[PDB]
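See structure below.
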């Protein structure tokens, strides 16, 4: 029984969802930069790439309130072999909320696009291009919900829909991007105009894999048909909301606070690209890894809490912890070596490269640290209202860290640093550090008793 059934199930359930996600994510980010920067980027005399870039900084704040949704349908708990039914209706509500969110974000979108921050050349271009092509990017969230119930949740948890709309995703982007971003043959449109349509069509498929792999269930069913409005259950959408708040806010509000410190301390030189290229680009992908484990557990631990009301805590949690480590430990190590060329991330000169290389290292440490903080936090706790209180613990990791790790690279700006830039980068590590440990202190909390239903009497 000790671990025999853990490493066993852990093994399965873990990598199970993992591979689908880890790969799937590769799609999102993948198809993302690929058809986007490459095409409408290294095509429109570079004034195309970064264009859509900052542009996307925005479709970033969005994905924010996007996990709002996400956690909502990690509620694939109302399937711990339990109330297998009613879940169809829960969703319908989550999705309705999907719209209720997209629009509040149409706001953000349409208006900032219609005003931007400054003015150079991207403006009209990547701006409204994405403007409406991103009214389209509101149709995604909707999908994102599908994803939530199926892809992500998947009845109980069958995330094949990863590689589905995934491989297909990036794939159909390109041909559809060729033509629209360029390829006339129908209507040739500026580069960033095709990234825009890159996604418009992205949801063509998105909607497809959605309706199809879901209402179709080439395996399960016990699906949807005839849905309705709601205010009370939407007060449960206010449970979805009083969850999506602690998720959307949390992780992505932090996205801003990430850009904050970052930029706040971007006034150091070319060391921008140093730390920027370094940390961001790479570690953004490295994190993609622990993120993958995160949800894997989060749902393995939600379905496991929902069925036998067993110690998924044991399984899902501590495996996640165990493994996430293993990998962020694997990639932390796999990074010390592969720094250099990796460093040669952006195809440029030395530039940081060496110092980039210095940063690369700070990263490994972030990799691993981040990992625990990730799986641990967002998942295990991601399985219920702890999303709320753990968020607290989350933003606590931010103030302590950044304001201090920042003031720690800034301790160079005080005590000292054999490079303060890289330095406070590490200061950030003191962030992920406190966080990871902060959530480890939100450990089961008393472990779990009939208090789990306290999470099902607060989640219903």
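Details
- Qualifying residue in segment 14-29 (condition: more than 23 Å from residue 293 (Cβ to Cβ) and surrounded by 20 or more Cβ atoms within 10 Å (Cβ to Cβ)): no
- When 176, 144, 209, 190 are checked against the criterion of being farther than 29 Å from residue 114 by Cα and either touching a helix residue (DSSP H, G or I) at 6+ places or on another chain (Cβ under 7 Å) or touching a residue at least 24 places away in the same chain (Cβ under 8 Å) (or both), 209 stands alone in meeting it.
- Of the residues in segment 225-246, at least one is in contact (Cβ under 8 Å) with a residue 24 or more places away in the chain, in a helix (DSSP H, G or I), in contact with a helix residue (DSSP H, G or I) (Cβ under 9 Å, 6 or more places away or on another chain) and under 16 Å from residue 99 (Cβ atoms).
- Of all residues in segment 326-354, those satisfying the criterion of being surrounded by 19 or more Cβ atoms within 10 Å (Cβ to Cβ) and assigned to a helix (DSSP H, G or I) are 327, 328, 331, 332, 335, 339, 342, 343, 353.
- Of all residues in segment 137-188, those being assigned to a helix (DSSP H, G or I) and surrounded by 19 or more Cβ atoms within 10 Å (Cβ to Cβ) number 28.
- Selection status of residue 269, over 18 Å from residue 150 (Cα atoms) and either in contact with a strand residue (DSSP E or B) (Cβ under 7 Å, 6 or more places away or on another chain) or not in a helix (DSSP H, G or I) (or both): yes
- Members of segment 303-323 found to be surrounded by fewer than 21 Cβ atoms within 10 Å (Cβ to Cβ) and outside any helix (DSSP H, G or I), listed by number: 307, 308, 309, 310, 311
- Candidates in segment 32-57 are the residues that are in a loop (DSSP other than H, G, I, E, B) and out of contact with any helix residue (DSSP H, G or I) (no Cβ under 7 Å at 6 or more places or on another chain); of these, the one that is farthest from residue 108 (Cα to Cα) is 45.
- The one condition in (1) closer than 27 Å to residue 50 by Cα; (2) under 23 Å from the mean Cα position of the chain (by Cα); (3) assigned to a loop (DSSP other than H, G, I, E, B) that residue 250 fails to fulfil: (3)
- Qualifying residue in segment 71-79 (condition: within 27 Å of residue 152 (Cα to Cα) and free of Cβ contacts under 8 Å to residues at least 60 places away in the same chain): no
- Tallying residues that are within 24 Å of residue 67 (Cα to Cα) and either over 17 Å from the mean Cα position of the chain (by Cα) or buried (at least 20 other Cβ atoms within 10 Å of the Cβ) (or both) within segment 264-280 yields 1.
- Residue check, residue 43 in contact (Cβ under 8 Å) with a residue 60 or more places away in the chain, surrounded by fewer than 20 Cβ atoms within 10 Å (Cβ to Cβ), out of contact with any strand residue (DSSP E or B) (no Cβ under 9 Å at 6 or more places or on another chain) and over 21 Å from residue 140 (Cβ atoms): yes
- Qualifying residue in segment 49-65 (condition: surrounded by 23 or more Cβ atoms within 10 Å (Cβ to Cβ) and more than 23 Å from the chain's Cα centre (by Cα)): no
- The sole residue among 91, 101, 130 that is within 19 Å of the chain's Cα centre (by Cα), surrounded by 23 or more Cβ atoms within 10 Å (Cβ to Cβ), assigned to a helix (DSSP H, G or I) and in contact (Cβ under 8 Å) with a residue 60 or more places away in the chain is 101.
With ideal geometry, Cβ positions are generated from the backbone for all residues, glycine too; neighbour counts draw on all protein chains shown. Readers should treat all values here as calculations from the given coordinates under stated rules, not as data from a laboratory.
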